[PDB]
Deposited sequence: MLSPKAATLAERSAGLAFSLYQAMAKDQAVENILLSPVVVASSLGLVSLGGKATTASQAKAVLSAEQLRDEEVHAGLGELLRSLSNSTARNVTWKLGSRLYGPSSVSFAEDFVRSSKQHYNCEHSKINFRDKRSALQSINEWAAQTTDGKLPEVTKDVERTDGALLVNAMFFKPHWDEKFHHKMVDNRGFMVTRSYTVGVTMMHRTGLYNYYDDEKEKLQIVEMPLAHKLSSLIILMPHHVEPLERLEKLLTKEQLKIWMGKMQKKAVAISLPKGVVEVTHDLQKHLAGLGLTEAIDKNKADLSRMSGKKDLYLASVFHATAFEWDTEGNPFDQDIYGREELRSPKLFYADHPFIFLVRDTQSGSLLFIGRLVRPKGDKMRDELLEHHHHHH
């Protein structure tokens, strides 16, 4: 059970991830999206923890947690982070590490606080040694994800300042497993004129389902292990850019869609494999209000080093999302020709997905799959 303060920050993080998604969805350079709301909110908590004055005040405003004390934000986000750690093998790996220049030293109090509240590690690298800098970052994320995330980025954009790197691996464990041999090769339609071959897993069972004939989209709910969380997939009827769906994706509309669902025989076919997405949230967080933290001339990150040396150059959000057949073994579904003519949820074109905690309703994941890999 979450404390009422951590529960309020859970809805604060979910709202922040929504705006992050919409902001990145407008970016024609962004393809797949993968955001963990508690990890995003943790980035603003680190800027507030290691900053003062407007630099720390803006980070709290982007989180919309102005009516809460600073130590309430760190403690609340700290409880939220540890709540997800207590629900692993679904398999969930997380690493957070700050990278600063060699000319700068980290203040001991900030190292103690960031490690206690956000599990944040600290490292110094020579950004001008581009090869050694990337290797130090990529090898740390690969070690954190046990090779599932072999590399974060191929280029460091600003050779002065701080890089906040988050490396994550998530593997949904279904409450009802897929058959490990129910996989074959299918064509995934990135567009109507672009088809890439992928592996697809198929299961037919009883799922919460709603067909929106008005706005032309499908919604299915896939419960995770022991129904402690759920994976919701939204897919338009036609092969089209998700921009039309993203204008309907709101907190209010999602609830309306959840209430119209009903348990029906549904044949679910999803791409199978590991999706690797790396985001640089730094410029998008600035567009939400985190302006001073990224300005090399105005940033106040003095709590990080003691004498105002650093500025937020990058906030790396790197995730490896594995779709797999593994799940819980379910007893017979023998009292259920129910699955003889099931509704087809044939996900061979881009879709929006999110992971919701069943107990609190807090957003564990939000993203989309527009271009898989095979």
Hey, which stretches of the deposited sequence didn't make it into the model? 90-91, 339, 378-392
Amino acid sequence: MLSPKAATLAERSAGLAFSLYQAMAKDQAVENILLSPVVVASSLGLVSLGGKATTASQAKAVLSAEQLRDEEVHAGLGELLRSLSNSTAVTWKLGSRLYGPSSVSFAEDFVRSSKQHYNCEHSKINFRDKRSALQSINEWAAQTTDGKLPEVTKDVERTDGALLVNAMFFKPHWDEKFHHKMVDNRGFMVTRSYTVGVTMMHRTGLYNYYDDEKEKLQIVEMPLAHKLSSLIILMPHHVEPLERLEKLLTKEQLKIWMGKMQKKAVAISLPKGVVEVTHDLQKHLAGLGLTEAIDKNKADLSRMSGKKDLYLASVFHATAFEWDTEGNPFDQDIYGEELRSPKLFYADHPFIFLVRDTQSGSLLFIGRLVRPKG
From here on, numbers count along this sequence of modelled residues.
Mean C-alpha B factor from the entry: is it higher for 123-131 or for 271-279? 123-131
Per the PDB entry, mean CA B-factor is higher for 176-184 or 156-164, namely for 156-164
Based on what the PDB entry reports, which of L94, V190, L249, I219 has the top C-alpha B-factor? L249
Where does the C-alpha B-factor of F330 rank in its chain, lowest, middle or highest third? highest
Third of the chain, ranked by Cα B-factor, where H237 sits: lowest
Comparing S42 with the other modelled residues of its chain, is its CA B-factor in the lowest, middle or highest third? lowest
By the entry's values, the third containing the CA B factor of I352 is the lowest
Which third of the chain holds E108 when residues are ordered by C-alpha B factor: lowest, middle or highest? highest
